[PDB]
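For what it's worth, the authors' numbering labels the leading residue of the sequence shown as 1, then goes sequentially.
To keep things clear, I will list the structure first and then write my remarks on it.
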Amino acid sequence: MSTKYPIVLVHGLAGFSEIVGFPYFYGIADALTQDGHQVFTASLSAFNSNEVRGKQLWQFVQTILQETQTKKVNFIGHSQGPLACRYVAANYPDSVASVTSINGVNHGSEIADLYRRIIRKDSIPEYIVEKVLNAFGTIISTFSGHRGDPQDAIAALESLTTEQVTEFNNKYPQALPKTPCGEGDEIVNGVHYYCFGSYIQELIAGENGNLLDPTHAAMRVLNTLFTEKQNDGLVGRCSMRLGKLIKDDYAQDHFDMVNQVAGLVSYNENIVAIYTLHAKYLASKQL
Ligand SMILES: [Ca+2]
Ligand SMILES: [Cl-]
Numbered sequence: 001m002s003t004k005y006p007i008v009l010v011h012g013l014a015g016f017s018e019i020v021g022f023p024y025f026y027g028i029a030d031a032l033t034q035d036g037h038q039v040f041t042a043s044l045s046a047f048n049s050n051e052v053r054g055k056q057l058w059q060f061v062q063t064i065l066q067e068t069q070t071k072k073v074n075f076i077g078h079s080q081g082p083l084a085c086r087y088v089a090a091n092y093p094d095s096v097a098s099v100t101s102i103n104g105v106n107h108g109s110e111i112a113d114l115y116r117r118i119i120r121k122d123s124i125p126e127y128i129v130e131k132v133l134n135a136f137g138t139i140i141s142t143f144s145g146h147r148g149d150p151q152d153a154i155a156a157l158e159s160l161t162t163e164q165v166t167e168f169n170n171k172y173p174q175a176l177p178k179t180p181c182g183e184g185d186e187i188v189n190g191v192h193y194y195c196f197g198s199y200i201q202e203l204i205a206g207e208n209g210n211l212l213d214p215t216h217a218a219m220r221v222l223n224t225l226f227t228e229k230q231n232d233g234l235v236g237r238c239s240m241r242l243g244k245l246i247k248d249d250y251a252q253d254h255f256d257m258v259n260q261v262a263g264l265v266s267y268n269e270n271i272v273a274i275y276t277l278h279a280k281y282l283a284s285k286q287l
């Protein structure tokens with residue numbers, strides 16, 4: 001069961017593989033190709049708007065469609081990636097077979113909102129300020145070797161705020177939940193939409209691998225700062241919703257759902273198998 005249309009993995013941290021030394025979707029393109037699927041990876045700019053990432057993505061896809069002569073692509077995006085995918089699907093539906101959003105910031109990130117308030121010097125209790133700053137420094141240091149300037153992250157997190165995703169969502173409403181925390185239509189203008197998510201949970205005798213992953217400790221701290229108690233450290237469970245829900249109750253953090261860092265995840269969960277099973281599902285729908 002390989003897909004009719006090529007899979008395009010989409011993320012919003014262009015430069016990751018060059019700076020960090022391994023792919024953002026850790027182990028995923030390899031496993032999908034072992035299974036017979038055509039796989040591309042689109043790495044889009046972190047420091048740009050969602051619209052501008054969507055335009056970069058279209059240029060990427062137009063380019064691969066010329067060569068595969070396949071007409072359409074199946075997008076699999078994580079975090080900011082789905083917003084760029086949504087842009088291409090809304091604009092160029094005849095070129096998009098599906099959009100699959102994995103822990104997408106589809107309605108905004110409470111942590112991005114909080115970081116913005118910090119940079120604006122709103123009155124935030126200092127203990128909250130330190131939790132955010134220290135988690136970001138730990139994440140940024142784990143991947144890049146430097147903790148960064150806290151104004152380093154601004155250009156990136158701005159496009160993930162509830163404000164800026166709301167504005168995006170007004171222009172590109174396709175497949176968005178109607179009800180608070182609902183599902184969207186599976187098919188809009190011929191494009192199939194699917195979503196996956198996860199949230200941090202205290203269950204038994206994990207977390208195993210993740211005990212060695214500094215990003216997981218950062219996510220666990222960030223998790224405590226949200227009004228939405230079910231979240232993945234960066235995005236609240238309901239904010240991830242787009243199109244048809246597949247599964248959103250994995251006990252995983254935001255990074256874990258891309259098998260990071262370096263395959264350190266909770267509970268010896270096989271994250272790559274989430275992606276390979278989903279590819280077979282897409283193929284099963286003649287995509
Ligand atoms: Ca992890
Ligand atoms: Cl990458």
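Even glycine gets a Cβ: it sits at the ideal position worked out from N, Cα and C.
Relative to the alpha-carbon of residue 40, which residue among 52, 46, 19 and 67 has its alpha-carbon at the smallest distance? One-based indexing of the sequence shown puts residue 40 at position 40. Residue 40 has its Cα closest to that of 67, out of 52, 46, 19 and 67.
With a threshold of 8 Å (Cβ to nearest heavy atom), would residue 275 be considered close to ligand 2? Translated into positions along the sequence shown, residue 275 becomes position 275. No, the Cβ of residue 275 stays beyond 8 Å of every heavy atom of ligand 2.
Alpha carbon to alpha carbon, what distance is there between residue 194 and residue 259? Your numbering for residue 259 matches position 259 in the sequence shown. Your numbering for residue 194 matches position 194 in the sequence shown. Each residue's Cα considered, the two are about 19 Å apart.
Distance, residue 179 Cα to residue 81 Cα: Locating residue 81 in the sequence shown gives position 81, where the first residue counts as 1. Locating residue 179 in the sequence shown gives position 179, where the first residue counts as 1. So the two alpha carbons sit approximately 23 Å from each other.
Residues around ligand 2, please: the condition is that the C-beta lies closer than 6 Å to some non-hydrogen atom of it. 16, 17, 23, 24, 41 and 43
Minimum length 4: unbroken alpha helix (DSSP H) runs contained in the segment 152-237: 154-158, 162-171 and 214-223
What does DSSP give as the partner residues of residue 245 in its beta bridges? In the sequence shown, counting from the first residue as 1, residue 245 sits at position 245. 195, per the DSSP bridge assignment.
To which residues of the same chain is residue 199 closer than 6 Å at the C-beta, ignoring the five residues directly before and after it? Stepping through the sequence shown from its first residue, residue 199 is reached at position 199. Here the set comprises 230, 231, 232 and 237.
Within its chain, find whatever has a CB closer than 6 Å to the CB of residue 280; leave out the 5 residues flanking it on each side and keep chain order. Counting from one through the sequence shown, the residue named residue 280 turns up at place 280. Cβ within range, chain order: 1.
Within this structure, are the beta carbons of residue 256 and residue 210 separated by less than 9 Å? Position 256 of the sequence shown holds residue 256. Position 210 of the sequence shown holds residue 210. Yes; because the gap between Cβ atoms is below 9 Å, this pair is in contact.
Contact the segment 96-108 vs the segment 72-79: 3+ CB pairs below 8 Å: yes
Check whether the segment 103-114 touches the segment 164-173, taking contact to mean three or more Cβ pairs, one atom from each stretch, closer than 8 Å. yes
Is the separation between the beta-carbon of residue 9 and that of residue 22 shorter than 9 Å? Residue mapping note: residue 9 aligns to position 9 of the sequence shown, counting from 1. Residue mapping note: residue 22 aligns to position 22 of the sequence shown, counting from 1. Contact: no.
Looking only at C-alpha atoms, which of 57, 31, 50 and 37 sits nearest to residue 43? For the purposes of this step, residue 43 is taken as residue 43 along the sequence shown, with counting starting at 1. Of the listed residues, the one whose Cα sits closest to residue 43 is 57.
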